[PDB]
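# Sharing the initial chains of the complex here, in place:
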Amino acid sequence: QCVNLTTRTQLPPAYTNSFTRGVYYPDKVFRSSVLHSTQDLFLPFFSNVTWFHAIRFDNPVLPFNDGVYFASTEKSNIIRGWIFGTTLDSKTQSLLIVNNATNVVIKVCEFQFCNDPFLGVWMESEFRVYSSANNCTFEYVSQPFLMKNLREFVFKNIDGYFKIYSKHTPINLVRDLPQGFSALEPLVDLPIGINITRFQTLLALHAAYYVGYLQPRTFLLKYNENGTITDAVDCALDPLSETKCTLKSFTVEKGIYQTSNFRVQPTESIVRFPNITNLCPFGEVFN
Amino acid sequence: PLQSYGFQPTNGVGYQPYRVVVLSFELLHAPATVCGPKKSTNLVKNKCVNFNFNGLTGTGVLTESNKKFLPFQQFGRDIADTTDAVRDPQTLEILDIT
């Protein structure tokens, strides 16, 4: 059908705290009883991140930058899917994720997208997202992303690889996050070689979506005997977190510690020189 | 512009149809996705070995570990991030490197 819902809900961004959620396992190394600090894209802790609901439905487009954290909750009629690309105006290839009850399709191709792409719905129909596709690169199929359990995801694009991470956590508040520390695991690594600049949430038509941009920040990641991350500190978030990261510890002893170096930046830049109007006759050597 | 071929059962060999497949191998500054089968050797325990497990290399002696790794963790590292243990990609088992 490819009905443009044109609802224009225009909800306030309703930003909430990310708390200590937004962390995923950055690499393949097992660690135990150590505090490995690492710089990568994550949500800053306690940053204010938008929680937009389609619920009349909308599919808004946000900057992808270097990766985006996404999480959502739905009632009865469950929404499973995402659109990523450099434009999403059908001139270039893009990444379409359609996730059903038994498996997931993660595909990169040139899609002739609908004005307000939706999954028609007992399974999702891709024709209502886009009417046609060609110039395909790769269709990947694996397990579904299904489990009150918020489905938390991280979408990254590293060295040409699409990286999708996930976890499931119980929800005390429909419009807010479960509090506690997350550590999402990657499920999918796709060697496509295509850039993402724009991210669109893809909805199924019968719807609350938490979306935050990741930032290149250092986190002190505390690893247990299971190889898991059980806690973390967002470095240079506040002075206590600075002290914890500086000291490579999740605790700090009473005292005073040097963590940084303060510099006053210039307000203005002033150029002074002799006034010469004679374009130099080096050109005359050539002539 | 397009001329049909008279591919007759009575054609001499030079006029018989042949199927042609051309495999073009393109190497770009992009992830390599079409790979050969790769090579392996027998797993040898309790000896000094030159290792390569799916690109993870170094030297040492392997023994069975007493620890478990996450599904995303194919190897482990110690206090100075040097290899602590590796997992065997054809027989996943965690083997400590000495």
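Perfect, I can see it now. Numbers count the residues shown, from 1 in each chain, chains lettered A, B, ... in the order given.
# In the chain, which residue is most central in space?
The chain I'm using is chain A. Nearest to the mean C-alpha position of chain A, counting by C-alpha atoms, centre = their mean, stands residue A:68 at 0.9 Å.
# think we crossed wires, I meant chain B
Residue closest to the average C-alpha location in chain B (C-alpha atoms, centre = their mean): residue B:38, at 3.8 Å.
# how would you label that residue: helix, strand or coil?
Assigned by DSSP: H, G, I helix; E, B strand; the rest coil, the conformation of residue B:38 is coil.
# Equivalent analysis for residue A:245, please.
Secondary structure of residue A:245, reduced to three states by three-state DSSP: helix.
# so what's it up against?
Counting by C-beta atoms under 8 Å, 6 or more residues apart in numbering or on different chains, residue A:245 makes contact with A:37, A:218, A:220, A:233, A:235, A:236, A:259. Quick note: C-beta positions are derived from backbone N, CA and C, even for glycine.
# What helix or strand is the second one located in?
Counting by DSSP states H and E, the element that carries residue A:218 is strand A:215-223.
# Go ahead and name everything in contact with that strand.
Strand A:215-223 has contacts (C-beta under 8 Å, 6+ apart) with A:23, A:26, A:31-44, A:47, A:66, A:229-236, A:244-245, A:248-250.
# separation between the residue nearest to residue B:25 when sequence neighbours are not counted and residue A:276?
Ranked by C-beta to C-beta, 6 or more residues apart in numbering or on different chains and with sequence neighbours excluded, the top spatial neighbour of residue B:25 is residue B:34, at 7.6 Å. When distance is defined by C-beta to C-beta, to the nearest Å, residue B:34 is 62 Å away from residue A:276.
# Residue B:36 now?
Applying C-beta to C-beta, the value for residue B:36 to residue A:276 is 66 Å.
# Could you do residue B:21 as well?
Distance, residue B:21 to residue A:276, by C-beta to C-beta: 70 Å.
# between the two, who's got more neighbours?
Applying other C-beta atoms under 10 Å in any protein chain shown to residue B:21 and residue A:276 shows that residue A:276 carries more neighbours, namely 7 against 4.
# Tell me where the stretch 51-200 of chain A has strands.
In the stretch 51-200 of chain A, the strands defined using DSSP state E, counting those that start in this stretch lie at A:61-63, A:68-73, A:81-85, A:94-99, A:104-113, A:118-119, A:130-142, A:149-158, A:161-170, A:185-191, A:198-201.
# Please, a PyMOL command that selects the buried ones among the contacts of residue A:245?
The buried residues among the contacts of residue A:245 can be selected in PyMOL (16 or more other C-beta atoms under 10 Å in any protein chain shown) with this line:
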select buried, chain A and resi 218+220+233+235
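# throw chain C on there as well:
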Amino acid sequence: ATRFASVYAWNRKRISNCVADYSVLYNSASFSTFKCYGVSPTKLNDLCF
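Putting chain C onto the chains we already have gives this:
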């Protein structure tokens, strides 16, 4: 394949995200012509494209 294309409209299969042993193509002795250029024909399975 059951059917092949016309030479004026040759088909193209884009191959990605997979593993193949190309020595199979020579070990079989099933082709009348088989020549390799750029890359040696001698079981060059240590390459990835």
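# Take the nearest residue to residue B:25 again, chain C included.
Counting by C-beta to C-beta, 6+ apart, the nearest residue to residue B:25 once its immediate chain neighbours are dropped is residue C:49, at 4.5 Å.
# Contacts only, for the residue nearest to the centre of chain B.
C:19, C:45 are the contacts of residue B:38 under C-beta under 8 Å, 6+ apart.
# Quick check on it: phi, psi?
Main-chain torsions, residue B:38, degrees, to the nearest 10: phi 70, psi 170.
# one step back: and the residue nearest to residue B:25, how many neighbours?
The local packing of residue C:49 (other C-beta under 10 Å) involves 17 other residues.
# Tell me which residues touch it, please.
Contact analysis of residue C:49 by C-beta under 8 Å, 6+ apart lists B:25, B:26, B:27, B:32, B:33, B:34, B:35.
# Now for the residues you listed: which two are most distant?
Largest separation among the contacts of residue C:49 by C-beta to C-beta: B:26 and B:35, giving 13.5 Å.
# For burial, what's the neighbour tally of residue A:242?
18.
# Is it in contact with residue A:260, as I believe?
Yes. Between residue A:242 and residue A:260 there is a contact at 6.6 Å, judged by C-beta atoms under 8 Å.
# Now for those two: what residues contact both?
residue A:236.
# Up against chain B, what does chain C have?
Counting by C-beta under 8 Å from any C-beta of the partner chain, the residues of chain C close to chain B are C:4, C:6, C:8, C:15-22, C:32, C:38-39, C:44-49.
# Just the buried residues of those residues.
C:16, C:22, C:45, C:49.
# quick one, what contacts the residue in the stretch 1-150 of chain A that chain B sits nearest to?
Nearest residue of the stretch 1-150 of chain A to chain B (C-beta to the nearest C-beta) works out as residue A:30 at 3.2 Å. By C-beta under 8 Å, 6+ apart, the contact set of residue A:30 is A:227, B:67, B:69, B:70, B:73, B:75, B:76, B:77, B:84, B:85.
# can you redo those residues as CSV with distance to residue A:140, secondary structure and neighbour count?
Shown next, in CSV, are the contacts of residue A:30 (distance: C-beta to C-beta, whole Å; DSSP: H, G, I helix; E, B strand; the rest coil; neighbours: other C-beta atoms under 10 Å in any protein chain shown):
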residue, distance to residue A:140, secondary structure, neighbour count
A:227, 26, coil, 20
B:67, 31, coil, 14
B:69, 24, coil, 20
B:70, 22, coil, 16
B:73, 22, coil, 22
B:75, 25, strand, 20
B:76, 28, strand, 23
B:77, 29, strand, 18
B:84, 32, strand, 19
B:85, 30, strand, 24
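# just curious, which of those residues is nearest to chain C?
residue B:75 (21.2 Å).
# The following sequence is to be added as chain D:
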Amino acid sequence: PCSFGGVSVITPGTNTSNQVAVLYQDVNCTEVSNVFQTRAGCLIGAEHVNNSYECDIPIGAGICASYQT
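So that you can see how it sits with the rest, here is chain D on the chains above:
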């Protein structure tokens, strides 16, 4: 030279409380409401008292921070 200096954090143990303040060496409180300007530097996230007390966490130049209600 444009104002600059080392930045240090005054902290209780983290299993006691999370109230911290930052001392910016030799700079103004406006360059870095609870801003204590002293000779050692400006301490941000702290108040001050002119009476003498036992030293707990040093600031410098004869001044130490401590925690009081």
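# Once more for the contacts of strand A:215-223, now including chain D?
By C-beta under 8 Å, 6+ apart, strand A:215-223 touches A:23, A:26, A:31-44, A:47, A:66, A:229-236, A:244-245, A:248-250.
# picking that back up, run a quick check on the residue nearest to the centre of chain A versus residue A:212, I expect a contact.
Yes. Using C-beta under 8 Å, residue A:68 makes contact with residue A:212 at a distance of 7.0 Å.
# Are we agreed that residue B:1 is in a strand?
No. Under three-state DSSP, residue B:1 sits outside any strand and is assigned coil.
# where does the spatially closest residue to it that is not a sequence neighbour land in three-state SS?
Leaving aside its sequence neighbours, residue B:1 sits nearest to residue C:8 (C-beta to C-beta, 6+ apart; 7.7 Å). Here residue C:8 is recorded as helix under three-state DSSP.
# Residue C:8 is in contact with residue B:2, isn't it?
Yes. If you go by C-beta under 8 Å, residue C:8 and residue B:2 touch, sitting 5.3 Å apart.
# residue contacts, the residue in chain D that chain C sits nearest to?
When scored by C-beta to the nearest C-beta, chain D has residue D:14 as its residue closest to chain C, at 47.8 Å. Counting by C-beta under 8 Å, 6+ apart, residue D:14 makes contact with A:240, A:244, A:251, A:252.
# Would you show me how to pick out the buried ones of those residues in PyMOL?
Command for PyMOL that selects the buried part of the contacts of residue D:14, burial taken from 16+ other C-beta under 10 Å:
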select buried, chain A and resi 240+244+252
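# from the chain's centre, how far out does stretch D:27-42 sit?
On the basis of C-alpha atoms, centre = their mean, to the nearest Å, stretch D:27-42 sits 8 Å off its chain's mean C-alpha point.
# err, stretch D:6-15, not the other one
10 Å.
# Kindly report the same for stretch B:44-62.
17 Å.
# Pull the residues that contact it.
Applying C-beta under 8 Å, 6+ apart, the contact partners of stretch B:44-62 are B:43, B:63-64, B:74-75, B:83, B:86-89, B:95-98.
# Quick check on those residues: which are buried?
The neighbour-count test (16+ other C-beta under 10 Å) marks B:74, B:75, B:83, B:86, B:87, B:95, B:96, B:97 as buried among these.
# now the residue of the stretch 151-287 of chain A found nearest chain C, nearest residue through space, not along the chain?
Going by C-beta to the nearest C-beta, chain C is nearest to residue A:191 of the stretch 151-287 of chain A, at 6.9 Å. Counting by C-beta to C-beta, 6+ apart, residue B:31 is the residue found nearest to residue A:191 once chain neighbours are left out, at 3.4 Å.
# so where does the one you found fall, helix or strand?
Under DSSP H and E, no helix or strand contains residue B:31.
# Cool, thanks, talk later.
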